[PDB]
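Chain letters run A, B, ... following the sequence lines, proteins first and then strands; every chain starts at 1. Just so you know, these numbers use all the heavy atoms, side chains as well, and skip hydrogens, waters and symmetry mates. In each ligand, atom 1 is the first atom listed, and ligand 1 is the first ligand listed.
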Number of protein chains: 2
Amino acid sequence: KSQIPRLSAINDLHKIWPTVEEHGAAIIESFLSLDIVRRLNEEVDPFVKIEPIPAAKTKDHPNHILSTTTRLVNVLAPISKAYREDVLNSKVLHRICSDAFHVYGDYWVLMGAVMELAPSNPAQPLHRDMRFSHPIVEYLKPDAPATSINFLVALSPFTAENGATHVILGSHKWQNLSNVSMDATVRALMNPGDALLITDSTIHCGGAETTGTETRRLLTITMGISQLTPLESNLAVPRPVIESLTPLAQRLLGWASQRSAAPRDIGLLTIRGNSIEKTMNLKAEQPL
Amino acid sequence: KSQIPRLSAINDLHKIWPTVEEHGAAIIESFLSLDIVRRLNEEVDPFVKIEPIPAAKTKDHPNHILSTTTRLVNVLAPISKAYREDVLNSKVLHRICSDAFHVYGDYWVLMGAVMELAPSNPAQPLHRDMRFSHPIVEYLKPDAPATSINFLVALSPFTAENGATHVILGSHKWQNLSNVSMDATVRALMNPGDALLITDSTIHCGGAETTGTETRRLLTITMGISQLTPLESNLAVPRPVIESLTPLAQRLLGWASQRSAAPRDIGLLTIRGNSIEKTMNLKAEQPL
Ligand SMILES: CN1C(=O)c2ccccc2NC(O)=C1[C@@H](OO)c1ccccc1
Ligand SMILES: CN1C(=O)c2ccccc2NC(O)=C1[C@@H](OO)c1ccccc1
Ligand SMILES: [Br-]
Ligand SMILES: [Br-]
Ligand SMILES: [Cl-]
Ligand SMILES: [Cl-]
Ligand code: NI
Ligand code: NI
């Protein structure tokens, strides 16, 4: 079996999206620097510790899919300086997304989440993403360009032993799913800061944690066309935090109007022909 | 040629969506009471008068499609008490939308706009809606249930002479568009408060104003699945106005989390497993 193509964030930038379009998966080596990974980890650490079980009885939007041991923290903008500055303005992320979504137009964050898998976390069932939030995606024609992609960034080592991601290469082009099996998968062995990039059609799963000692952490960034509703809201993020961001970061968090690729585009989230940012006189790059 | 089916808002409620699903169009007689139409007209009147041309050079999201004579006013919640109370809580609208979008899940307002057509306004080209904002819609399978519907509510008389809407019945099921012609259309002759309901696949157009004296006004309410991004934003609507609304109205304006029809739905616009309304402690039905 062919292994997941491994590409440089520095040199092979133009090759990344074409590789994912062909194979359905690619490893971006050093997608984030170890400095950014260190700062991300430090900032989200306490929020991961206080996070209840995914299907906690206190929640009015419980996640009944994720294992009880799993901890997911989303809406990272108010938590993490490293996320809202370094990650949301990543030159590599924005080149890949502009390559991926040019047919549709503007893209934004459907969800940026830190996931921590506790020791002995079982393997997820093989799946395509978006099926528990966007039923519309299943009604797209087979040859429809991907409407979302998922950056799975290692914040700790991904090994075969501690539950590194499984992917079926070429599975993003599959219509008949009779050959779906763990037998057909290859592993995303990754150092902290490496990213596994998949599409919403790539068949994949979290691996089994088999050591019983290792805690595995990842930053999952689902980037999707601005025509699809995000899984997470930034509506409650304080305006000072939003006004500290770049205009691009503001757009990614839904604090700006959006544009389609239609030649005479009439726009999304507009206010009587004017943008959110113009109407509300929204400042950008104002330090806290 | 068969005329557009005409249905009672009072009696034929369960028949409305099935009729639109079959024929692609239906007239809902007295969708809004003349009292609601009167109050809507009074409240939006000044905002229509101050509205610049659709492609005004002052706008950063100009509409290059609509005729220079046309005036479109959206984000009606802050303008109109009648809209935010009576229209957004319409029992008829909510039954039709729940019938239409049950396969997908929650729905909301993609755009609520008052359109005023000046005397001698030319006929629009025959078209399907959403092609200038949501390119994704064109990539849906032919048998995909409609992801948006458009309520075209008469706020003044619709006559053949003053440019009443044209529709091609059955055109919502068309894949080959070689027979698209004004020869194949029938007219939506409507009294104020009557509504023409079409899908995002129904081929239709605004009619030609041929008198040179009559101004025609309509309330266009595009209702769409919560998985699709609205054309308009309510982000700048004052919180007091939002807190005066029903929870249902708040959801329709994107001031609440949303749910898909997926058996184990994980939700849209959520905040770490909690809703917008729970997180922000958003009050409902608090008078101004
Ligand atoms: C349920 N669920 C998530 O919560 C999720 C989490 C982070 C990013 C994207 C996500 N979307 C998604 O579709 C799933 C799915 O994982 O990607 C899934 C399927 C089957 C088993 C375990 C997970
Ligand atoms: C451009 N445009 C609008 O602005 C619009 C206005 C109100 C409601 C929905 C709308 N969406 C839409 O798709 C069109 C389209 O009309 O529905 C269209 C096409 C061709 C000619 C004139 C209009
Ligand atoms: Br994983
Ligand atoms: Br019309
Ligand atoms: Cl899990
Ligand atoms: Cl027009
Ligand atoms: Ni997944
Ligand atoms: Ni139209």
* **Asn162(A) (side chain) donor-acceptor with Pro157(A) (main chain) under 3.5 angstrom** => yes
* **Under 3.5 Å: donor-acceptor pair, side chain of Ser171(B), backbone of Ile203(B)** =>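 Between the backbone of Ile203(B) and the side chain of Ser171(B) there is a qualifying donor-acceptor contact (under 3.5 Å).
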Looking only at side chains, do [X] and [Y] share a donor and an acceptor under 3.5 Å apart?
X         : Y         : answer
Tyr104(A) : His134(B) : no
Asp129(A) : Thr222(A) : no
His166(B) : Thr185(B) : yes
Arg216(B) : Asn121(B) : no
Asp265(B) : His61(A)  : no

Using a plain distance cutoff, I'd like to know if [X] has any nitrogen or oxygen under 3.5 Å from a nitrogen or oxygen of ligand 2.
X         : answer
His204(B) : no
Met130(B) : yes
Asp129(B) : yes

Around [atom], find the nearest protein heavy atom and jot down its residue, atom name and distance.
atom                    : value
atom 23 (C) of ligand 2 : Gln124(B) NE2, 3.7 Å
atom 7 (C) of ligand 2  : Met111(B) CE, 3.5 Å
atom 16 (O) of ligand 2 : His127(B) NE2, 3.1 Å
atom 1 (C) of ligand 2  : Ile65(B) CB, 3.5 Å

Which ligand 2 atoms does [X] reach within 4.0 Å, using its non-hydrogen atoms?
X         : answer
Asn63(B)  : 3 (C), 4 (O)
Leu72(B)  : 6 (C), 7 (C)
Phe132(B) : 1 (C), 19 (C)
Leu66(B)  : 4 (O)

* **Shortest non-hydrogen contact between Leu110(A) and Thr229(A), atoms and distance** => CD2-O, 4.0 Å
* What heavy-atom pair brings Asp200(B) and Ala146(B) nearest, and what distance separates the two atoms? -> OD1-CB, 3.6 Å
* Inspect the contact between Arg71(B) and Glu116(B) and indicate whether a charged nitrogen and a carboxylate oxygen are less than 4.0 angstrom apart. => no
* Structure fact -> Among the N/O/S atoms of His204(B), the Ni ion (ligand 8) lies closest to NE2
* To do: Please confirm whether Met115(B) comes under 4.0 Å of ligand 2, counting heavy atoms of the residue only.
  =>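 Within the 4.0 Å threshold, so yes.
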* To do: Confirm or rule out an N/O/S atom of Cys205(A), from backbone or side chain, lying less than 2.8 Å from the Ni ion (ligand 7).
  =>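 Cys205(A) does not place any N, O or S atom closer than 2.8 Å to the Ni ion (ligand 7).
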* Structure fact -> With rounding to 10 degrees, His127(A) NE2, the Ni ion (ligand 7) and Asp129(A) OD1 define an angle of 90°
